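Engineer: For UniProt numbering, add 35 to where a residue sits in the sequence shown, where the first one is 1. Even for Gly, the Cβ is constructed at its ideal location relative to N, Cα and C. Got a structure here, written out as structure tokens. Questions coming.
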Amino acid sequence: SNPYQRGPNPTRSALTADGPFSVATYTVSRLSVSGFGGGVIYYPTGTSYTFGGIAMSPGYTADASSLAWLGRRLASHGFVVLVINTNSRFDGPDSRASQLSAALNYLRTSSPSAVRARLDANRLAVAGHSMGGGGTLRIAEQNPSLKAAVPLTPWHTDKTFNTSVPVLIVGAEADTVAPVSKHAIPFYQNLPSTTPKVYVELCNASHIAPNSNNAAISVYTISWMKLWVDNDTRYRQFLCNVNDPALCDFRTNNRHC
Ligand SMILES: [Cl-]
Ligand SMILES: [Cl-]
């Protein structure tokens, strides 16, 4: 049952470190693509399976290296992951959405054959930090064929996204760049009631929490992508009946349980 299932039965512990797949990396040079600023593809190797794809945007004034740990972590659990560099480090959220859109098309159509051989382009998702998270919400509204969206410490001036794409937002309690009461929580609240949605808020963390290995980001991001990109119900356990001391808030419409 479930053609998209990959990897062993998950444990919490297993989801805080790199997963069972070996990872290869491919550098996409800035000048080799129009529509975004290149970046790095992390993707499984040593295997004949295909996997869903994820495009992920860094945040404000940031480079793709800021999310390298997470690009690798996701890929190691069975995903083809392109972490972009933006055309300019100063690009805003809706610009980042357009470049996510270009990056997804690049992964499907123009990436190396080794990468395309590992990709099922029918199952794609998006994630991003800060302003990249705002871009993630924008693209999920523009393109509802996406399987999932994970905005990390997101920032946007628009607060309402009418999307049917399942959304998990990570806020940071002590974020002063994108205070959750002004960004993350309004985004969560304003999503359609019918859309499966989860908000998790990290105790004591600030805006830079996504820029380094973080156990909670790892668990919630892997689990949401597995549940929606792979239809993998083994990962519902981490997302349902949650009682997680790393969190200082938790909200859900419980559509995914
Ligand atoms: Cl913009
Ligand atoms: Cl398409």
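Pick out the complete beta strand (DSSP E) segments inside the stretch 153-183, 3 residues or longer, and give them in chain order.
Structural biologist: Listed in chain order, they are 154-164.
Engineer: Which term fits residue 194, buried or exposed, when burial requires 16 or more other beta carbons within 10 angstroms of its beta carbon?
Structural biologist: Within the sequence shown, numbered from 1, the residue matching residue 194 stands at position 159. With fewer than 16 Cβ atoms within 10 Å of its Cβ, residue 194 is classed as exposed.
Engineer: Indicate whether residue 165 and residue 190 have their beta-carbon atoms separated by less than 8 Å.
Structural biologist: As a working mapping, residue 165 is identified with position 130 in the sequence shown. As a working mapping, residue 190 is identified with position 155 in the sequence shown. Yes, Cβ-Cβ distance for residue 165 and residue 190 is below 8 Å.
Engineer: Using DSSP with H/G/I as helix, E/B as strand and the rest coil, what is residue 108?
Structural biologist: Counting from one through the sequence shown, the residue named residue 108 turns up at place 73. Residue state, collapsed to three classes: helix.
Engineer: Which residue comes first and which comes last in the alpha helix (DSSP H) that contains residue 142?
Structural biologist: The sequence position of residue 142 within the sequence shown is 107, counting from 1. Start and end: 128-144.
Engineer: Could you tell me whether the Cβ atoms of residue 45 and residue 269 are closer together than 8 Å?
Structural biologist: Numbered from its first residue, the sequence shown carries residue 45 at position 10. Numbered from its first residue, the sequence shown carries residue 269 at position 234. It is a contact, given that the beta carbons lie within the stated cut-off.
Engineer: Since residue 208 and residue 237 should fall inside the 8 Å C-beta cutoff, what is the C-beta to C-beta distance between them, to a whole number of angstroms?
Structural biologist: On the sequence shown, residue 208 is found 173 positions in, with the first residue counted as 1. On the sequence shown, residue 237 is found 202 positions in, with the first residue counted as 1. Right, their Cβ atoms sit about 6 Å apart.
Engineer: Does ligand 1 have a heavy atom nearer than 7 Å to the CB of residue 165?
Structural biologist: As a working note, residue 165 is residue 130 in the sequence shown. Checking every heavy atom of ligand 1 against the Cβ of residue 165, none is found closer than 7 Å.
Engineer: From 287, 245, 247 and 278, pick the residue whose C-alpha is nearest to that of residue 225; which is it?
Structural biologist: Counting from one through the sequence shown, the residue named residue 225 turns up at place 190. When each option's Cα is compared against that of residue 225, the closest is 287.
Engineer: Select from 289, 58 and 114 the residue whose C-alpha is nearest the C-alpha of residue 201.
Structural biologist: Taking the first residue of the sequence shown as 1, we reach residue 201 at position 166. With distances taken between Cα atoms, residue 201 lies closest to 289.
Engineer: By Cβ distance, which residues of its chain are closer than 6 Å to residue 293, with the 5 residues on each side in sequence left out?
Structural biologist: With the chain running from 36 to 292 in the structure shown, residue 293 is simply not present.
Engineer: Measure the CB-CB distance between residue 11 and residue 139 and report whether it falls below 8 Å.
Structural biologist: The chain is shown only over 36 to 292; residue 11 falls outside these bounds and no answer can be derived.
Engineer: Pick from 264, 228, 61 and 70: whose alpha carbon is nearest that of residue 137?
Structural biologist: Taking the first residue of the sequence shown as position 1, residue 137 is located at position 102. Minimum Cα distance to residue 137 is reached at 70.
Engineer: Taking 8 Å as the cut-off, does the stretch 122-135 touch the stretch 267-282 (at least 3 CB pairs, one atom from each stretch)?
Structural biologist: no
Engineer: Does any heavy atom of ligand 1 sit closer than 7 Å to the C-beta of residue 231?
Structural biologist: On the sequence shown, position 196 is the one that residue 231 refers to. For ligand 1, not one heavy atom lies less than 7 Å from the Cβ of residue 231.
Engineer: What residues sit near ligand 1, counting only those whose C-beta is closer than 5 Å to one of its heavy atoms, in chain order?
Structural biologist: 127, 129 and 130
Engineer: Near residue 112, what residues of its chain come up, given a Cβ to Cβ distance below 6 Å and the 5 sequence neighbours on each side ignored?
Structural biologist: Start at 1 with the first residue of the sequence shown, and residue 112 comes out as number 77. So the qualifying residues of the chain are 54 and 257.
Engineer: Report the residue from 197, 104, 161 and 95 whose alpha carbon sits nearest the alpha carbon of residue 121.
Structural biologist: Position 86 of the sequence shown, counted from the start, is the residue given in the question as residue 121. Taking only the C-alpha atoms, the option nearest residue 121 is 95.
Engineer: Kindly indicate which three-state DSSP category residue 196 falls into: helix, strand or coil?
Structural biologist: For the purposes of this step, residue 196 is taken as residue 161 along the sequence shown, with counting starting at 1. In the structure shown, residue 196 sits in coil (DSSP, three-state: anything other than H, G, I, E or B).
Engineer: Using a Cβ-Cβ cut-off of 7 Å (strictly less than) and excluding sequence neighbours within five positions of residue 106, which residues of its own chain qualify?
Structural biologist: Position 71 of the sequence shown, counted from the start, is the residue given in the question as residue 106. The answer, listed in chain order, is 75, 77, 91, 116 and 118.
Engineer: On the DSSP bridge list, what partners appear for residue 57?
Structural biologist: Your numbering for residue 57 matches position 22 in the sequence shown. Residue 57 is bridged to 80.
Engineer: So, are the CB atoms of residue 162 and residue 175 less than 8 Å apart?
Structural biologist: Counted from its first residue, the sequence shown places residue 162 at position 127. Counted from its first residue, the sequence shown places residue 175 at position 140. The answer is no: Cβ separation not under 8 Å.
Engineer: When you compare each of 56, 182 and 126 to residue 261 by their alpha carbons, which one comes out closest?
Structural biologist: Taking the sequence shown and counting its residues from 1, one reaches residue 261 at position 226. Of the candidates 56, 182 and 126, the one whose C-alpha sits nearest the C-alpha of residue 261 is 182.
Engineer: Apply the 10 Å Cβ neighbour rule to residue 223 and answer buried if 16 or more other Cβ atoms are within range, or exposed otherwise.
Structural biologist: The sequence position of residue 223 within the sequence shown is 188, counting from 1. Classification of residue 223: buried, given that the 10 Å Cβ count is 16 or more.
Engineer: Taking the straight line between their C-alpha atoms, what separation do you get for residue 197 and residue 227?
Structural biologist: Within the sequence shown, numbered from 1, the residue matching residue 197 stands at position 162. Within the sequence shown, numbered from 1, the residue matching residue 227 stands at position 192. Roughly 6 Å separates the two Cα atoms.
Engineer: What does a CB cutoff of less than 7 Å around residue 179 pick up in its chain, not counting 5 residues either side in sequence?
Structural biologist: Translated into the one-based positions of the sequence shown, residue 179 becomes position 144. Here the set comprises 198, 199 and 200.
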